[PDB]
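Source file entry_26.pdb; content: PDB, C-alpha atoms.
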ATOM      1  CA  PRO A 685      53.580  20.047  13.129
ATOM      2  CA  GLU A 686      56.707  18.607  11.407
ATOM      3  CA  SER A 687      57.424  18.213  15.002
ATOM      4  CA  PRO A 688      54.411  15.966  15.615
ATOM      5  CA  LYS A 689      56.460  15.941  18.680
ATOM      6  CA  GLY A 690      53.797  14.399  20.878
ATOM      7  CA  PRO A 691      55.971  11.388  20.455
ATOM      8  CA  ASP A 692      55.333  10.180  23.746
ATOM      9  CA  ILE A 693      56.689   6.922  22.588
ATOM     10  CA  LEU A 694      58.997   7.622  25.426
ATOM     11  CA  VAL A 695      56.088   9.004  27.589
ATOM     12  CA  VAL A 696      53.786   6.175  26.471
ATOM     13  CA  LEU A 697      56.485   3.554  26.725
ATOM     14  CA  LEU A 698      57.337   5.023  30.125
ATOM     15  CA  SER A 699      53.655   5.380  31.025
ATOM     16  CA  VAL A 700      52.968   1.798  29.921
ATOM     17  CA  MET A 701      56.157   0.657  31.631
ATOM     18  CA  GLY A 702      55.162   2.587  34.760
ATOM     19  CA  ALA A 703      51.799   0.833  34.885
ATOM     20  CA  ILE A 704      53.521  -2.544  34.775
ATOM     21  CA  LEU A 705      55.802  -1.680  37.707
ATOM     22  CA  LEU A 706      52.983  -0.288  39.880
ATOM     23  CA  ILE A 707      50.688  -3.297  39.436
ATOM     24  CA  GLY A 708      53.539  -5.737  39.913
ATOM     25  CA  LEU A 709      54.284  -4.180  43.297
ATOM     26  CA  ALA A 710      50.629  -4.339  44.355
ATOM     27  CA  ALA A 711      50.705  -8.025  43.464
ATOM     28  CA  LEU A 712      53.914  -8.628  45.411
ATOM     29  CA  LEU A 713      52.493  -6.945  48.527
ATOM     30  CA  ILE A 714      49.158  -8.748  48.254
ATOM     31  CA  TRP A 715      50.971 -12.084  47.950
ATOM     32  CA  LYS A 716      52.884 -11.208  51.124
ATOM     33  CA  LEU A 717      49.741 -10.198  53.008
ATOM     34  CA  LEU A 718      48.017 -13.510  52.169
ATOM     35  CA  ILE A 719      51.146 -15.488  53.073
ATOM     36  CA  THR A 720      51.118 -13.827  56.464
ATOM     37  CA  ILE A 721      47.431 -14.766  56.828
ATOM     38  CA  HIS A 722      47.731 -18.467  55.821
ATOM     39  CA  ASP A 723      50.466 -18.970  58.396
ATOM     40  CA  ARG A 724      48.865 -17.137  61.260
ATOM     41  CA  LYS A 725      50.692 -17.864  64.568
ATOM     42  CA  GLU A 726      49.993 -14.388  65.968
ATOM     43  CA  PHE A 727      49.255 -15.731  69.475
TER      44      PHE A 727
END

Show how you would write the structure in this file as structure tokens.
Amino acid sequence: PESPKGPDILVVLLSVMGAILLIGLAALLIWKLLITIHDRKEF
């Protein structure tokens, strides 16, 4: 409405950017969990 406002370039860029950060972390933790598992040693 002249103010299509709903820019959400910022919200979408942020939302898209958010998604990247959240998945990256899941990947980092999963890598760590598997690393722990390859090298057992838990007597």

Next on the checklist: As an exercise, work out the distance from atom CA of residue 704 of chain A to atom CA of residue 692 of chain A in Å and give it to one decimal place.
Outcome noted: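 Answer for the atom CA of residue 704 of chain A to atom CA of residue 692 of chain A separation: 16.9 Å.
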
Checklist entry - What is the atom CA of residue 699 of chain A-atom CA of residue 687 of chain A distance in Å, reported with one decimal? => result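 For atom CA of residue 699 of chain A relative to atom CA of residue 687 of chain A, the distance reads 20.9 Å.
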
Item to check | Atom pair atom CA of residue 708 of chain A / atom CA of residue 721 of chain A: separation (Å) | outcome: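 Between atom CA of residue 708 of chain A and atom CA of residue 721 of chain A the gap works out to 20.1 Å.
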